[PDB]
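Single chain ahead, written as structure tokens, the form deposited in one PDB entry.
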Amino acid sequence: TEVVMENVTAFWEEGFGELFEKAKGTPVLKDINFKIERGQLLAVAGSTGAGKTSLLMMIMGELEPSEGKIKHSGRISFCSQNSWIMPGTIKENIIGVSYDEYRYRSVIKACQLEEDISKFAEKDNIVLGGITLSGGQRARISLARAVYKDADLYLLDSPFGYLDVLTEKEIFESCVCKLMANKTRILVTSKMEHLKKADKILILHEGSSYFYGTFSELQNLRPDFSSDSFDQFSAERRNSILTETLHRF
């Protein structure tokens, strides 16, 4: 499926949203414009509270526009920024109930879970919730769950938490870039590497679109904004550097 937003403005409060819709307090998102083709990657970046998760919620019909149009048709797979583990086996946590051996093995390889599974006698029959897992292991199982699901659009809201720099790089490449090459997907990130590899980018600030386009277009239109070691900074630091640059401009 292709996902399109045209002049989208939305309010979390239902009452103020109805007022703006009729007319045409603060919008969580305003005048949002993007278009993603089938099999493309959109990277979403921005300051804290810019409306990144809210944009995903709007795509999932949790938040409705007051003006403008959202065009999308398809099943959505959502990977939240906070991992969750069902009391059950690793396999069930990833597949649910629908099993597909080739899809399953592809996903666990791409999320580097083979080494984790081999650690136990029961293998992927090991019961979680029970066995306790590290942040990074929980993150990777959640991502594998989201990616395994048969869906038409994959929404990945900062799914690489508690993973080290090197692991996040390998999995972004193996999962998001390779395995999911033909899937329509939206990634929320503050990693300059991911914006670079994306087909389109959207940079948000206080509900407003700072920039929509390619990373090359970001080089063309925003040279002072563009101006190696950035992705080495922590999530918190990367956020406050991006925040300040968006405030200045």
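Rigid core: the largest C-alpha set superposing within 1.5 Å between the two forms. Just count from 1 along the sequence shown to find any residue number.
The protein also exists as the form deposited in another entry; that form is not presented, and the subsequent description refers to it.
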Once the core is aligned, does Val8 move its Cα by at least 2 Å between this form and the one not shown? no
Taking the shown form as the reference, report whether the CA atoms of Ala235 and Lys169 lie closer or farther apart in the other entry; the distance changes by 3 angstroms or more. closer
Per the comparison in the other entry, the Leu179 and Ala235 C-alpha atoms (change 3 Å or more) are positioned closer
